[PDB]
Structure formats: structure tokens, C-alpha cells
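*Asks:* No letters, just coordinates:
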């Protein structure tokens, strides 16, 4: 049982860190995606109409 | 190169843990065999009296 547990039973300490990293990447990616989508209308600003 | 290295060391650590587990199983088996042999020696010491 000890031996099998050493293969299964994911280490939660690393799992929580990976989960927090994934959440941070998701939030940053969404924010930068919105900011990138806020770029194009400079062409409308150029066109002055 | 660093990614390859870190992955290799992680897999090596898991392999070492597996080896520790197999050694533990063997040690338990040998320990109880030792208990049986000690009991046999007990019996032998008992049986020497005339």
C-alpha cells in the first residue's frame, strides 16, 4: 500500500501552486487580450470620421 | 536543455522512491524470517536437554 501510494496520490503542495499559476496566467491572458482588442480603433482615430 | 534536465531529475526522483519502497518490502520479509529463525533457535535450545 505504501509503494502504490508513492505512484498515485498527487502531491497537493505542488498541485495548489500549479493551480494558482494557471489562474494567474488565465487572468493575465484575458486582460492582455482585451487590451490588444483595444488597439485597432486607432485606425478610426486616424480616419477622423 | 534546462527543461530536459529538470524533467529527467524528476523522473529519477520517482524511480528512487520506487526503489525505496521495494527495499522496505524486502526488509519486512527478512525481519519476519528473522523472527521465525529466532523461534527455531529457541526450540533447539529447549531440545538439547536429556
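*Replies:* Everything's here; your move. Numbering: from 1, shown residues only, chains lettered A, B, ... in the order given.
*Asks:* Measure how buried whichever residue of chain B sits closest to chain A is and give me the count.
*Replies:* Nearest residue of chain B to chain A, counting by C-beta to the nearest C-beta: residue B:21, 3.6 Å away. In this view, the C-beta of every residue, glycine as well, is placed from N, C-alpha and C. Counted with other C-beta atoms under 10 Å in any protein chain shown, the neighbours of residue B:21 add up to 16.
*Asks:* got a list of what it touches?
*Replies:* Applying C-beta atoms under 8 Å, 6 or more residues apart in numbering or on different chains, we find residue B:21 in contact with A:2, A:3, A:6.
*Asks:* Out of those, which end up buried?
*Replies:* For the contacts of residue B:21, a burial check counting by 16 or more other C-beta atoms under 10 Å in any protein chain shown picks out nothing.
*Asks:* What is the nearest of those residues to chain B?
*Replies:* Among those, and counting by C-beta to the nearest C-beta, the member closest to chain B is residue A:3, at 3.6 Å.
*Asks:* Do I have it right that the closest one meets residue B:18?
*Replies:* Yes: the pair residue A:3 and residue B:18 passes the contact test of C-beta atoms under 8 Å, sitting 7.2 Å apart.
*Asks:* Give the burial count for residue 11, as a bare number.
*Replies:* As the question left the chain open, I've gone with chain A. Using other C-beta under 10 Å, residue A:11 has 8 other residues around it.
*Asks:* hm, I was asking about chain B
*Replies:* Burial measure for residue B:11: 10 neighbouring residues, criterion other C-beta under 10 Å.
*Asks:* Does it belong to a helix, a strand or coil?
*Replies:* Classification of residue B:11 by DSSP: H, G, I helix; E, B strand; the rest coil places it in helix.
*Asks:* next SSE after whichever helix or strand residue A:18 is part of?
*Replies:* Per DSSP states H and E, residue A:18 falls inside helix A:12-37. Moving toward the C-terminus from helix A:12-37, the first helix or strand encountered (DSSP H and E) is helix A:42-47.
*Asks:* quick one: what helix or strand has the residue of chain B closest to chain A in it?
*Replies:* Using DSSP H and E, residue B:21 sits within helix B:2-47.
*Asks:* re earlier: within reach of chain B, which of the contacts of residue B:21 are there?
*Replies:* Restricting the contacts of residue B:21 to those near chain B by C-beta under 8 Å from any C-beta of the partner chain leaves A:2, A:3, A:6.
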